[PDB]
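Working notes, structure below.
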Amino acid sequence: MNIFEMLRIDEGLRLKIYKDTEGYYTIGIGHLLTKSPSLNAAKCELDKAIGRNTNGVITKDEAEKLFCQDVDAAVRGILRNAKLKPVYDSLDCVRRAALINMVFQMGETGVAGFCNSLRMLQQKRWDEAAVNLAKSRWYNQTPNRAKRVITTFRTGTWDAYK
Ligand SMILES: [Cl-]
Ligand code: NA
């Protein structure tokens, strides 16, 4: 069990363009295509991201390649961010996955704005971090996923993904 398996559980897999929980055109394993309401714009982004004329449908291999790149981009966003890197560096491998999961879902800037939660995580105040992380739009809008990620921070185990 690892960051790829964890996000595959949380994001699912769709080979045709769908809308994410915010209503944004998405494909694959949670690959955001655009925030524009135009499905044509989403199709351009898809074709640009895949390197061929897709007409809104990709293969599982293409979805997994986007997923590889997206996980890498989440880690890169963490490592380049002055607020996120010290937290990441302080965490064990399982909790690092939980932080990557948040960045994959919400982006570097959004997660870097959890300033109190980030301090509690760095100080290994797990129960207090868990309570603070739930005081968020994130928890309220996607509570089942947030609960799994928070449980991962609270326990340092994969128990919520079993
Ligand atoms: Cl959810
Ligand atoms: Na939707």
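Residue numbers start at 1 and run along the sequence shown.
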Say whether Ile100 and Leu32 are linked into one hydrophobic cluster, either directly or through other cluster members, by side-chain heavy-atom distances under 4.5 angstrom. no
Nearest heavy-atom approach of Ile29 to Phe104 is O-CZ, 3.4 Å
Nearest 0.5 Å, what's the CG-CZ distance between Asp92 and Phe153? 9.5 Å
Could you tell me whether the side chain of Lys43 and the main chain of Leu39 form a donor-acceptor pair under 3.5 Å? no
With clusters defined by side-chain heavy atoms of hydrophobic residues (ILVMFWY) lying less than 4.5 Å apart, directly or transitively, does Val131 cluster with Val149? no
So does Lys35 have more than 12 non-hydrogen atoms from other groups sitting under 6.0 Å from NZ? no
Just so I know, are the side chains of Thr21 and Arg145 near enough to count as touching, which here means a heavy-atom distance under 4.5 Å? no
So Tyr25 and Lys19, side chain to side chain contact (heavy atoms under 4.5 Å, CB included) or not? Walk me through it. CA-CA 5 Å; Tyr25 289 120; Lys19 290 187 182 171; 3.7 Å; yes
Rounded to the nearest 0.5 Å, the CD1 atom of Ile17 sits from the CG atom of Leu46 at a distance of 5.0 Å
State whether a side-chain donor-acceptor pair under 3.5 Å links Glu5 with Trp158. no
Show the nearest heavy-atom pair for residues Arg95 and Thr152, with the distance to one decimal. CG-O, 3.8 Å
Check the pair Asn101, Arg148 against side chain to side chain contact (heavy atoms under 4.5 Å, CB included), reporting the backbone distance first and the verdict last. CA-CA 10 Å; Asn101 190 311; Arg148 287 191 293 272; over 6 Å; no
Do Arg119 and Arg125 have side chains that approach each other closer than 4.5 Å (heavy atoms only, starting at C-beta)? yes
Quick check: do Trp138 and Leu133 have side-chain heavy atoms less than 4.5 Å from each other? yes
Applying the 4.5 Å side-chain criterion to the ILVMFWY set and letting contacts propagate, would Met120 and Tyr139 be lumped into a single cluster? no
Flag the pair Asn140 / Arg137 as yes when at least one side-chain heavy-atom distance between them is below 4.5 Å, and no otherwise. no
Which distance, rounded to the nearest 0.5 Å, do you find between the CG of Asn40 and the OG1 of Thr34? 11.5 Å
Out of curiosity, does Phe67 fall in the hydrophobic cluster containing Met106 (side-chain heavy atoms, cut-off under 4.5 Å, transitive links)? yes
Is it true that a side-chain atom of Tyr18 and a backbone atom of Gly30 form a donor plus acceptor pair closer than 3.5 Å? yes
Supply the atom-to-atom distance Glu108 CD to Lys85 NZ, rounded to the nearest 0.5 angstrom. 13.0 Å
Checking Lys147 side chain against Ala160 main chain: does a donor-acceptor pair fall under 3.5 Å? no
Answer whether the closest heavy-atom distance between the side chains of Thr155 and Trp126 falls below 4.5 Å. no
Please name the pair of heavy atoms, one in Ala112 and one in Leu118, separated by the smallest distance, quoted to 0.1 Å. O-CD1, 3.5 Å
Looking only at heavy atoms, what is the nearest atom pair of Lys124 and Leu91, with distance? NZ-CA, 4.2 Å
Which atom names give the shortest non-hydrogen contact between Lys83 and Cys115, and what distance separates them? NZ-CB, 3.1 Å
Does the side chain to side chain contact (heavy atoms under 4.5 Å, CB included) test come out yes or no for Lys162 and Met1, once each step is laid out? CA-CA 9 Å; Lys162 286 316 82 169; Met1 173 54 87; 3.3 Å; yes
Minimum side-chain heavy-atom gap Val94-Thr157 below 4.5 Å: no
Might you point out which heavy atoms bring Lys16 and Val57 nearest each other, and give the distance in Å? CG-CG2, 3.6 Å
Any donor-acceptor pair under 3.5 Å from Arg96 side chain to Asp89 backbone: yes
Could you walk me through whether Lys65 and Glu62 pass salt bridge (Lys or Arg N to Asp or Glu O under 4.0 Å), step by step? CA-CA 5 Å; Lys65 177 135 190 213; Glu62 286 165 346; over 6 Å; no
Rounding to 0.5 Å, atoms NZ (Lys60) and CG (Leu15) come to a distance of 9.0 Å
Atom CG of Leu66 and atom CD1 of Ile27: how far apart are they, to the nearest 0.5 Å? 8.0 Å
With the side chain counted from C-beta on, respond yes when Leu121 and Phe114 share a heavy-atom pair under 4.5 Å apart, and no when they do not. no
If you apply the rule side chain to side chain donor-acceptor pair (under 3.5 Å), what do you find for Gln105 with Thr142, and how did you get there? CA-CA 10 Å; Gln105 184 185 356; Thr142 52; 3.2 Å; yes
Any side-chain heavy-atom pair from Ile3 and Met6 closer than 4.5 angstrom? yes
Under 3.5 Å, is there a donor-acceptor pair between the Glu45 and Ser36 side chains? no
